[PDB]
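Peer 1:
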Amino acid sequence: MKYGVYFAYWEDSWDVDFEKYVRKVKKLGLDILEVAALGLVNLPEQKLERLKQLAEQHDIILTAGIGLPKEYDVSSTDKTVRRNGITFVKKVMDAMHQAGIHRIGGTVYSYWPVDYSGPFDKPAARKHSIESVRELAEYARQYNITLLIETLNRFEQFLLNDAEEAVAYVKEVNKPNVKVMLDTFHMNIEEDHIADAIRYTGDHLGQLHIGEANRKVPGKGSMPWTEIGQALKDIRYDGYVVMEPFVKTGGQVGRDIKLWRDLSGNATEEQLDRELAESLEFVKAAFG
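Here the sequence shown is numbered in our numbering, starting from 3 and rising by one per residue.
Here it is in structure tokens:
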């Protein structure tokens, strides 16, 4: 298994420089850095190449996270919006290729965060989503890119809220480079039992995001880490485990995560480094 962290752990916005995090993640003994697709898509070619070279130099695997905004809703019944979203994701994949990034995960199949103030049509959004994802899966092939379909809690999305819906959705898409991404934060809200959801997903599981129920670093909460560790052994998961802790309130990241109090005790960059190092040791012990 390979362990990583989302750069956003340390930041207040999605669109920042990533180069610093490649060295840092290697220093901390991690295998993977996950960066925001948003911070790649208009990055100059010079900087996409520099990022690729830094990852090679440090032997770090780079992955990309995305939440498509309303304007790029690939699940929209509005054809103009749908096509705008597809074009935007193709552009994201063009940039991914130059940075040497092969995996894109998150809400790449609809928009995030969902706005429930207006009405929606789950059935119609779903079939548009599947056709959009098949087309993006086909475009991805030329770059050996894999799409990771994130299962989200009801408050952030309406399409895929549990492992059952996500597995059914991905089976129907029926593409080898389209897999399910599970997330302890989201599973904690929607599943009867977190370990059983992982077991159910089995061969469909392309990536696991991990954090506590309130998105603190593993070890600070009551997530059943040993059971999760056992479930991953049960499906012989040899894939990527990416820590996705959010403990900072006030920024664009704070607002989109909806964190309205500090959970870091005003932790400095250095303090967040040490806690993540301890968290990683804890998770690896918990996973054997």
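Backbone N, C-alpha and C fix where the C-beta goes; we use that ideal spot for every residue, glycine too.
Select from 70, 101, 43 and 55 the residue whose C-alpha is nearest the C-alpha of residue 2.
Peer 2: Nothing can be reported for residue 2, as the shown portion of the chain is limited to 3 through 290.
Peer 1: Between the segment 127-134 and the segment 107-119, do three or more beta carbon pairs fall short of 8 Å?
Peer 2: yes
Peer 1: Provide the residue span of the alpha helix (DSSP H) that contains residue 120, from first to last.
Peer 2: It is not in any alpha helix (DSSP H) - residue 120 carries neither H nor E in the DSSP assignment.
Peer 1: Taking only the alpha-carbon atoms, compute the straight-line gap between residue 107 and residue 122 and give it to the nearest angstrom.
Peer 2: Their backbone Cα atoms lie some 23 Å apart in a straight line.
Peer 1: My output table needs one value for residue 193: the three-state DSSP class, helix, strand or coil.
Peer 2: coil
Peer 1: Under the rule that 16 or more other beta-carbon atoms within 10 Å means buried, what is residue 220, buried or exposed?
Peer 2: buried
Peer 1: Going straight from the alpha carbon of residue 125 to that of residue 272, what length do you get?
Peer 2: 47 Å
Peer 1: Can you round the beta-carbon distance between residue 3 and residue 289 to whole angstroms, since I take them to be within the 8 Å contact cut?
Peer 2: 7 Å
Peer 1: Note the first and the last residue of the continuous alpha helix (DSSP H) segment covering residue 232.
Peer 2: 227-236 is the extent of the alpha helix (DSSP H) around residue 232.
Peer 1: Does the distance from the CB of residue 151 to the CB of residue 183 come in under 8 Å?
Peer 2: yes
Peer 1: My guess is that residue 170 and residue 200 are in contact by the Cβ rule of under 8 Å, so how many angstroms apart are they, rounded?
Peer 2: Not confirmed; about 16 Å, so no contact.
Peer 1: From residue 83 to residue 43, what does the alpha carbon distance come to, in whole angstroms?
Peer 2: 18 Å
Peer 1: Can you tell which of 202, 23, 27 and 31 has the C-alpha that lies nearest to the C-alpha of residue 164?
Peer 2: 202
Peer 1: With residue 214 and residue 223 assumed to form a contact (beta carbons below 8 Å), what rounded beta-carbon distance in angstroms separates them?
Peer 2: That belief holds up - the Cβ atoms of residue 214 and residue 223 are roughly 3 Å apart, short of 8 Å.
Peer 1: Which whole-angstrom value describes the C-beta separation of residue 2 and residue 68, a residue pair presumed to lie in contact below a C-beta threshold of 8 Å?
Peer 2: What is shown of the chain runs 3 to 290, which leaves residue 2 out entirely.
Peer 1: What do you get for residue 89, buried or exposed, if any count of 16 or more other CB atoms within 10 angstroms of its CB means buried?
Peer 2: Exposed is the call here.
Peer 1: Mapping DSSP to helix, strand and coil, what is residue 151?
Peer 2: Residue 151 falls in the strand class under three-state DSSP.
Peer 1: Compare the C-alpha of residue 10 against each of 245, 286 and 276 and name the closest.
Peer 2: 245
Peer 1: Near residue 196, what residues of its chain come up, given a Cβ to Cβ distance below 8 Å and the 5 sequence neighbours on each side ignored?
Peer 2: 186, 189, 190, 225, 226, 229, 230 and 233
Peer 1: To the nearest angstrom, report how far apart residue 194 and residue 166 are at their CA atoms.
Peer 2: 11 Å
Peer 1: With H, G and I counted as helix, E and B as strand and the rest as coil, what does DSSP make of residue 40?
Peer 2: helix
Peer 1: Hey, how far is the Cα of residue 175 from the Cα of residue 247?
Peer 2: 30 Å
Peer 1: Nearest CA to the CA of residue 159: which residue from 128, 116 and 149?
Peer 2: 116
Peer 1: Please return the same chain residues whose Cβ sits closer than 7 Å to the Cβ of residue 149, not counting the five positions on each side in sequence.
Peer 2: Excluding residues up to 5 positions away in sequence, 106, 110, 135, 138, 139, 142, 179 and 180 lie with their Cβ nearer than 7 Å to the Cβ of residue 149 in the same chain.
Peer 1: Note the first and the last residue of the continuous alpha helix (DSSP H) segment covering residue 254.
Peer 2: 254-259
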